[PDB]
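Okay, so here's the structure we're looking at.
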Amino acid sequence: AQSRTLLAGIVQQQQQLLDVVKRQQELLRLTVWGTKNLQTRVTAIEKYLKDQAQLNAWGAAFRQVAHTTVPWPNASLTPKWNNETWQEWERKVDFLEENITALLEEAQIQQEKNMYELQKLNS
Amino acid sequence: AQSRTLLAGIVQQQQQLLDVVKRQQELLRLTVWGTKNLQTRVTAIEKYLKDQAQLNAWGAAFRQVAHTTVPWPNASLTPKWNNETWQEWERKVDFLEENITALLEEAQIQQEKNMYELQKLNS
Amino acid sequence: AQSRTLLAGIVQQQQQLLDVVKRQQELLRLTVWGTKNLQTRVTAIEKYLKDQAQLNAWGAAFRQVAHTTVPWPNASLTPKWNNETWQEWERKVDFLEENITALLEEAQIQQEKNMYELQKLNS
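See below:
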């Protein structure tokens, strides 16, 4: 009178949820890659912004043998506020990412055992 | 003849899935923080872009006592299309984020009860 | 002596986990939208960066009837390294996104059946 057939569905449902959760983890990494990759583009953009500051007034003088160059910063470089927080942001993802992988490894081991134990009841 | 030992594994597996799902929620917030933080950097960059437009032709005149300044916009400011949609994007995350927290609270309460009920069967 | 009441809680817990997982999927898409949307802003910014390069030295000449224009690139355009990888990044999300939707459809069908089967035991 045991409802093993129902348990087989429940145990299987956990496996499907586990697969999606695992997929979310891989997908989550991609989101981090795009967000983080954009930051690399931003650093490249900051350089170009600075190059402009170099452009100020060239040839702006026909009676003087001099050129005035005023490289006033143009890129707001983030050294402490965002860089320090960004490192924390990436670090945190690492700790949670590692936590998730650890839990997934346990879930996979445990998910298999629940299915293995079920087979024994009706092997 | 009840398979409580199997249920203990199944109930535990749900707890581990719940922990990972919860972790995804915290991790999801970090992804939103980095994406959103980049937008703040973009707003800072837009300002610098505008400063350039101010730079056009300085000292480009040695027989005139005047300076020509042409601040042609350089930053594409998003006032309606992206700003309005971005607010919706952030809002939507808020509604889904709140929905997830509400469901997690129920899941935690319910997860505990399922384990508590299991103890009673074999307390 | 069957613990159906416990199963009803376990089966329900899976439904709540499924709802949150599904919510994560919708939320995950928003994160991709913001990250990807920023890239569209970056492409707009690259154009403006180039416009600057056009600005070099105007009117920098009062004894010549000529203007020197030096449009030195200012935007680092990503044609192959990031564009090709970015397409892969978006593609991968598509494959995982489709995988998740497929699994969710099966989970919903299966989740319903587990609940439907439970009703039969005590309908």
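Protein chains in written order, with UniProt numbering: chain A, 552 to 674; chain B, 552 to 674; chain C, 552 to 674.
Ideal placement from N, C-alpha and C gives every residue a C-beta, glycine not left out.
Of the other Cβ atoms in all chains shown, fewer than 16 fall within 10 Å of the Cβ of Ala595/C; this residue is therefore exposed. With a cut-off of 8 Å on Cβ pairs, the segment 562–571 of chain B is in contact with the segment 554–574 of chain A, counting three or more such pairs. Taking a beta-carbon distance threshold of 8 Å, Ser554/A counts as an interface residue toward chain C. With respect to chain C, the C-beta atom of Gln662/B has a partner C-beta closer than 8 Å. Distance from the CA of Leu578/C to the CA of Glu648/B, rounded to the nearest whole angstrom, comes to 8 Å. Secondary structure at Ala653/B: helix, using DSSP grouped into helix, strand and coil. Using a CB distance cut-off of 8 Å, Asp645/C does not count as an interface residue toward chain B. Taking a 10 Å sphere around the C-beta of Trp623/C, we find fewer than 16 other C-beta atoms and assign the residue as exposed. The beta carbon of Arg574/B does not come within 8 Å of any beta carbon belonging to chain C, so the residue lies off that interface.
Between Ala559/B and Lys671/B, the alpha-carbon positions lie close to 12 Å from each other. Spatial neighbours of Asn607/A in its own chain (CB-CB distance under 7 Å, excluding positions within 5 residues in sequence) are listed in chain order as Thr619, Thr620, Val621. Judged by DSSP in its simplified three-state form, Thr620/A adopts coil rather than helix or strand. Shown here for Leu655/C: same chain residues with a beta carbon closer than 8 Å to its own, the five before and five after excluded, namely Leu569, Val572, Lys573, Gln576 in chain order. Taken atom to atom, the span from the alpha-carbon of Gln553/A to that of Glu668/B is near 18 Å. Contact between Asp602/B and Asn625/A holds: CB atoms are separated by about 6 Å, below the 8 Å threshold. Using a Cβ-Cβ cut-off of 8 Å, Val621/A does not count as an interface residue toward chain C, since no Cβ of chain C sits closer than that to its own.
The three-state secondary structure of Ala608/A, taken from DSSP, is strand. The DSSP-derived three-state label of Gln659/C is helix.
CA-to-CA, the gap between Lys631/A and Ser627/B works out to about 27 Å. Note on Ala653/A: under 16 other CB atoms within 10 angstroms of its CB, so exposed under the neighbour-count rule. The residues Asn665, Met666, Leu669, in chain order, have a CB closer than 7 Å to that of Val562/C in the same chain once the five nearest residues on each side in sequence are set aside.
Restricting attention to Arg555/C, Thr591/C, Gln659/C, the CA atom closest to the CA of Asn634/C is found in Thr591/C. Leaving aside the five residues that flank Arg580/C on each side, the residues in its chain whose CB is nearer than 8 Å to its CB run, in chain order, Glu648.
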